[PDB]
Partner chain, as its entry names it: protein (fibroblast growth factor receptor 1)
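The chain below stands alone and is given in structure tokens; this is the form solved without the partner chain.
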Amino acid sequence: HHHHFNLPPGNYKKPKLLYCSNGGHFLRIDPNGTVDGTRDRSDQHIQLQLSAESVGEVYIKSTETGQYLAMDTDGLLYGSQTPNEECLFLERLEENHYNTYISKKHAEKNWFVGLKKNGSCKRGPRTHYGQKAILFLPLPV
């Protein structure tokens, strides 16, 4: 392992909104595959269903479009129509409270799912432990 194994509580029974306290945006996967954040709780592309592939390893899927969140070879988040290695994330507890998501494929480089204060997604190499951008709270839909 390249990372700790503190896991968050909560389960995968129901869909969630992934809220980033950094700028207060919900993670959004547009039908065209682009990913960003929005503060509009009424948006229909922020409802996500997480599922466990292995303990602590998850897929994050848009319930509206079926797309899987994925991080590409250059660190950019995108919505994938089919599950692939770029769609697996290591879901962990952080700061004894938040959930973080590390790209399994790029786990050795510490590439996280993260949103900037302006709502745009962070590129993998620009993320790291200690940032506010990588901290999420799963809220009920």
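Positions refer to the first chain, counted from 1.
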Original post:
Which is higher on average in the deposited entry, the C-alpha temperature factors of 121 to 129 or of 8 to 16?
Top reply: 8 to 16
**OP:** On mean C-alpha B-factor from the PDB entry, just flag whether 49 to 57 or 103 to 111 is the higher one.
**Re:** 49 to 57
Original post:
Which of these has the highest Cα B-factor in the record: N96, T73, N32, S80?
Top reply: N32
**OP:** By the entry's C-alpha temperature factors, tell me which of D36, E86, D43, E91 sits highest.
**Re:** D43
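Below: the form deposited with the partner chain bound, not depicted.
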Original post:
With the partner left out of view, is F26 within 4.5 angstroms of the partner chain in the entry with it bound by any non-hydrogen atom?
Top reply: yes
Original post:
If you check in the entry with it bound, is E91 within 4.5 Å of the partner chain, heavy atoms only?
Top reply: yes
Original post:
Could you tell me if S54 has a non-hydrogen atom within 4.5 Å of the partner chain in the entry with it bound?
Top reply: yes
**OP:** At a 4.5 angstroms cut-off on non-hydrogen atoms, which residues of 67 to 101 are near the partner chain in the entry with it bound? List them in order.
**Re:** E91, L93, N96, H97, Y98, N99
